[PDB]
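> Could you have a look at this structure, given as structure tokens, before my questions?
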Amino acid sequence: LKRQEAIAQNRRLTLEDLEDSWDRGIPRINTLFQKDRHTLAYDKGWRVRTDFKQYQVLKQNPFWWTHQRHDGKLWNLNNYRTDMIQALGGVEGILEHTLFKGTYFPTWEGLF
Amino acid sequence: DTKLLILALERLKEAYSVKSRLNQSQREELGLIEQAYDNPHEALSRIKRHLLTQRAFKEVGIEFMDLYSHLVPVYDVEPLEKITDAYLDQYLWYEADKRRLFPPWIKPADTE
Amino acid sequence: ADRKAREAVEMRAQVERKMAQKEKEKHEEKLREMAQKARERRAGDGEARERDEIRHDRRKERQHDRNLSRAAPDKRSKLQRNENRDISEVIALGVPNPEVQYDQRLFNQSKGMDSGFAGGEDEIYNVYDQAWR
Amino acid sequence: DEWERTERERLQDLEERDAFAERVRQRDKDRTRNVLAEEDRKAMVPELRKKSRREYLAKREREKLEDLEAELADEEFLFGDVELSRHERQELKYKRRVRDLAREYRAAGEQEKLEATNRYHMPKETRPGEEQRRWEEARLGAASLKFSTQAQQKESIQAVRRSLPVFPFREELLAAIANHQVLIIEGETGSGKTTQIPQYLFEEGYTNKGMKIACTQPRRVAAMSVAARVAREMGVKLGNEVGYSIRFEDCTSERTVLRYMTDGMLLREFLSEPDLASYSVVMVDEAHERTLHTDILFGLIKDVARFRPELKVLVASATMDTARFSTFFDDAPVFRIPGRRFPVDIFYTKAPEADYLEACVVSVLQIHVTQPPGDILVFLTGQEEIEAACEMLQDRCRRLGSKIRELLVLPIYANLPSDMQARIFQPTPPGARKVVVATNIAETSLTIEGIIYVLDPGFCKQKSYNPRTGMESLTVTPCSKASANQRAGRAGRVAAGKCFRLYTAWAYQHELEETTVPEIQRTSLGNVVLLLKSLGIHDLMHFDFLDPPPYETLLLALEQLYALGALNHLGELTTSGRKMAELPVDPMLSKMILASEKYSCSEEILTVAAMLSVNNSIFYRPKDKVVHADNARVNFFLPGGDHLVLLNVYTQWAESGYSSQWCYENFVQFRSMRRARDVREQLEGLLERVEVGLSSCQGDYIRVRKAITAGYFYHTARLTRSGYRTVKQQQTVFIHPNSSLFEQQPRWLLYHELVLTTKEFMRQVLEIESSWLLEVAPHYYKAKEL
Amino acid sequence: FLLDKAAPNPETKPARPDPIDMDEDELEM
Amino acid sequence: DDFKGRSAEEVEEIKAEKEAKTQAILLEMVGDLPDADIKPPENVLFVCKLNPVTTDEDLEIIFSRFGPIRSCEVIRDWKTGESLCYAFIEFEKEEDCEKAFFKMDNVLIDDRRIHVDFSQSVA
Amino acid sequence: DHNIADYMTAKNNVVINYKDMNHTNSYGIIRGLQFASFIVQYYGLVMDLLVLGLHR
RNA sequence: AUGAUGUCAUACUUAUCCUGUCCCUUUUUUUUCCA
């Protein structure tokens, strides 16, 4: 509806109508705007095809059911790392189990 | 034709994403894919010549993928023909989807 | 069976073709009616001068079009049609307004054509897609 | 003076041309012998009635086409407003409904055609730019879940008129020109120099006596713009009285008082009217333009002003070239108009610059991020650099994300797609900044309002032709003083702006030339030499130049025109010379078209000729669709040479019915294709003049290659085991990578261009036989050299 | 061929014969 | 069917029959003729490319060479009267029409090579 | 087109080889081809028609 | 008994090399019986 009315108003859909809804929907909204919309508009029957790839390659695809270019990216596990650290004890409780202090490195923000 | 070819060749590359220890024969396939990615019209000329004139093909290999509760046959075709088949595949699915061959109940579909 | 089916397809085709043909001939004859009554409703105070202006403009139009066709075989096609398409031309002629488009901060924040699912390989570290810090 | 003997020879040419055409007419009426029972007539009378019927049907719906057009054409400008009566109103509903009725009565037939071929037909064994709306319902299909005021116009026009920098200067300068025949009118942009001056002169009565007022411009479309606005003021139809004539586009009628044209158009009016008798005023705009035609017309009209005192010569320009202007024109007075809208703050870099591209980048970075509202214009040299620039800017865009706001990077040059040229003309979207990376084409004739900043790299791509060896090199060159001056002046047109130069005040005031080399010096002059030999100047040495060319360049020019035969062994015109001279293209192409008559490859050489006319911009080569473009180009590649490749592409385009989306699909610029088409038909409009008969090579590309041989025999190179080397000069050339034979590498090659880019180059080349060179030019090409 | 009278893959083709001077590697093999 | 399955020649001829019928009904559509396609008297020549200096008098003279003329009508711009640079000429014989045509085609009068055609005029 | 149909069906008839056993496919379908999706779904379409009936 | 002629690959020499084809700024030019 915002698209149609932005034709009626003939204004330009700006980033503000589309950052509340940036990772929502099933394709995904951030698919409308990826780089290769132009050569992926010609890939049809890709779902059947990834299904039949099991008779061609000797390995098992655990995401046989989806495609990241076409379906968006349907999960985000970036809070998991943060809350895992807060549950193990924090970087301090985590590094008192390690050889961290025997390195005498002044602090752990530089580790690499 | 070049969009359908780019899609075919990207799909064929997707096997050796790892860039593993592969072998001679996958080495040879990667060679064919790269030289067709560089010079896309000798490729397509070959492809249509094949589709027009060829009717006796080389021999296929079979082996089984052991899934511990049943086995899956895995077929091993040669590179030149894998490229011709990948392009034929893309072309058929594209056209079939444009002329509406498959009614809406044939359902590993691209929509969900 | 293929020969029999080919024949039956062809003849069913031309059957319905002709039926729709007669349907269009009916449509156009009622358009005949429409046109006659159009001119009939036509036939029966700026009207006088704008009318002399009708004959004015149309008559020197036929004069200019005649003599265009005459001097050059078709300079009516050298003059009238080619006049009305080129870009800076139209910008000069003040012609107004000769699809959805939007912000471009959106685009190309993402690049690629392949699914990041490695094509079935799993042993590479693709869990999170933004560095920790 | 020389003007009058020129005149003499010209009128002699006109009567000789008339008599020549008359002789041709009688000759051909001689050559075509007009040699022009009961049941015989009773048999053929039915058949002539058959063709009568049929051609009458074509002609009948043709007159229905005539009045079909005419109904809606006349009702456009009469009905929608005026208080008109029963009769013509009735006729409006009649023509409206009745044309709709005809439209639907043919739409019925069309509908049945398409729905009756729609069906299933068992197979038979027998031995517009919206792919981001074909990918926007794929998502919305995947994501669905259902189960008077015209007086006010004129008062406003005159009110703004009153605020021109020439409007108070009206009467003083009108009396000024009433005094002296020759008047220098020095004035900057926006002054009204081009618009109001001819209006005034219309107001003065210089139009009576049946006189006209000429205003010439260096550019067609600029002439159109000026004409449009002056007609807007004039409140009349542009084209009847205030009119313009440029190539392929006449918008003048016999009411024409104010005729706008280009300098070449006025030159070619000197092909029709030597003393300019119907024009009382010739107003030549921005003559600083340094055009071949500008410095030809200068001399010719100087002689006219000497020989025609009541004639009016007004030549206005922007810059300080008035010294030499008056000096050549015997010290005309200089009327100063002050015009400069808004103040311009020009900044200098603190030191000189090392990598001015990155300096450009980071300059616009900071200007955008820190400046308040206002557009940005930035100069670069050209296309390769310009897309690299936009690459860098859009890279920064991606990396810094929403910590910035919308940076519409807009590149612009001449050969990029025209829709994307139009792209920059949209009014800026609120909140967003509009940054235009440009070539010096946006120095002149592109007025994009809103520009408040402009940055100058102090450089430019200047051509430099040293005839020394025939080298035409588009080289990097620090920009002129006047160049940077107006590159500053390009800004400020709506508000106080800034112009940051990438170089210091030191380098500016110290290391700067005033005006770019008057082109007569730098350019290759074949067409204008042939042209003044067309008017009959035998002694071209003591000719009235403003800037004479070096004797060397005209030497090699004359030797060239002699070699191709246009001059006899003393250097005057052959019949070939003059007939090739009328063709407004260089003699290379004209002599090849001369050969097409001998070899019977008329249409093909016509089309190749039309192709090299605009060639440099045929094929688009985007970075985001590189491979699709390379392939749609490799599609046409035929053996023999890229000239016949161009032949084939035009063949295929006209095959399509001259379709735009054809060229869109096949990665070809529609602009070049369309202009090449109209220039081909213009050559056919001159085709009977030069005595050319229309025959095709019948698929014999040997004839077409041999006609190209006869035309461009000078333009040939041969193999050497140290590279490709010239035939005559034996200086080293190289193969253009964009050439259809770039890796086939023929032993004997013909070319068309001669540049020395990063390597010495030649463009649009073809494989030749060296035997055809002796077949064509045994007096210039002898066997010992091949 | 029958259908036309009435109207790569190099395994199938015969073998290019031996040259006069066999290329060195042809000999060492 | 069989109004198509006979040839390609008379198929396109029947295509001409139709396009004829439709262009007729199409002119009657836009409301010009009272009667539907009266086949025209073959006894008039529509002779175009005419000169604004040649009037009914000189037409009558030059077209009197081949037959008895019935009249000479150059259709007039009504309130200006100047020749439209075409004309109709009316004979007594079909034989006159053909005898004038087959010699007067593409011929020069008053320095203009005029055209002769039969009258398709339904007026 | 009969050309592509002949290619597709002449391609399923190949020699299948494991370590030292070889035979010829003559009856079924090799699913390790790349157009086998199209063949399977079209044939299944014919069987959807047999199961539902043309009317339904 | 050793000729030149060679489109012969191999062998060999100089503490002989690791030293490589990429892509054009701006822009103007008179026209002729229609049928």
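Easy rule for this one: first residue shown is 1, then count along the chain.
Just so it is clear, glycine is given a Cβ too, placed from its N, Cα and C backbone atoms.
As listed in Swiss-Prot for this protein:
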type	residues	note
BINDING	D:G187, D:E188, D:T189, D:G190, D:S191, D:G192, D:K193, D:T194	ATP binding site
DOMAIN	D:174-338	domain 'Helicase ATP-binding'
DOMAIN	D:363-536	domain 'Helicase C-terminal'
MOD_RES	D:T477	phosphothreonine
MOTIF	D:285-288	motif 'DEAH box'
> Around the ATP site formed by D:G187, D:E188, D:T189, D:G190, D:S191, D:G192, D:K193, D:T194, list the extra residues of the same chain whose Cβ is within 8 Å of the site's Cβ centroid.
D:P165, D:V166, D:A318, D:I337, D:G339
> Of the binding-site residues D:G187, D:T189, D:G190, D:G192, D:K193, which one sits closest to D:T477 (phosphothreonine) when you measure Cα to Cα?
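Closest recorded candidate to D:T477 (phosphothreonine) by Cα: D:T189.
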> Around the C-beta of D:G187 (ATP binding site), how many further C-beta atoms are within 10 angstroms, looking at every protein chain?
22
> Are there any residues at least 6 positions away along the chain from D:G190 (ATP binding site) with a Cβ closer than 8 Å to its Cβ? List them or say none.
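Those within reach of D:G190 (ATP binding site), by Cβ under 8 Å and sequence separation of 6 or more, are D:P165, D:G339, D:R341, D:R493.
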> So which one is it: of the binding-site residues D:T189, D:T194, which has the fewest other Cβ atoms within 10 Å?
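So among D:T189, D:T194, the binding-site residues given, the one with the fewest Cβ atoms within 10 Å is D:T189.
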> I'd like the per-state residue tally for the motif 'DEAH box' (D:285-288) from DSSP, helix first, then strand, then coil.
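Final tally across the stretch: 2 helix, 1 strand, 1 coil.
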> With every protein chain in view, what's the tally of Cβ atoms within 10 Å of the Cβ of D:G192 (ATP binding site), excluding that atom itself?
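Total other Cβ atoms inside 10 Å, all chains included: 20.
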> Here the recorded positions are D:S191, D:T477; which one has the lowest number of other Cβ atoms no more than 10 Å from its Cβ?
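Looking at the recorded positions D:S191, D:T477, the Cβ with the fewest others within 10 Å is that of D:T477.
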> With CB distance below 8 Å as the criterion, list the binding-site residues among D:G190, D:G192, D:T194 that sit near chain A.
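Cβ contacts with A: none found.
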> Using DSSP with the three-state reduction, classify D:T477 (phosphothreonine) as helix, strand or coil.
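Note: D:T477 (phosphothreonine) is in a strand by DSSP.
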> Out of D:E188, D:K193, which has the highest number of nearby Cβ atoms, where nearby means within 10 Å of its Cβ, if these are the binding-site residues?
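Result for the most crowded candidate: D:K193.
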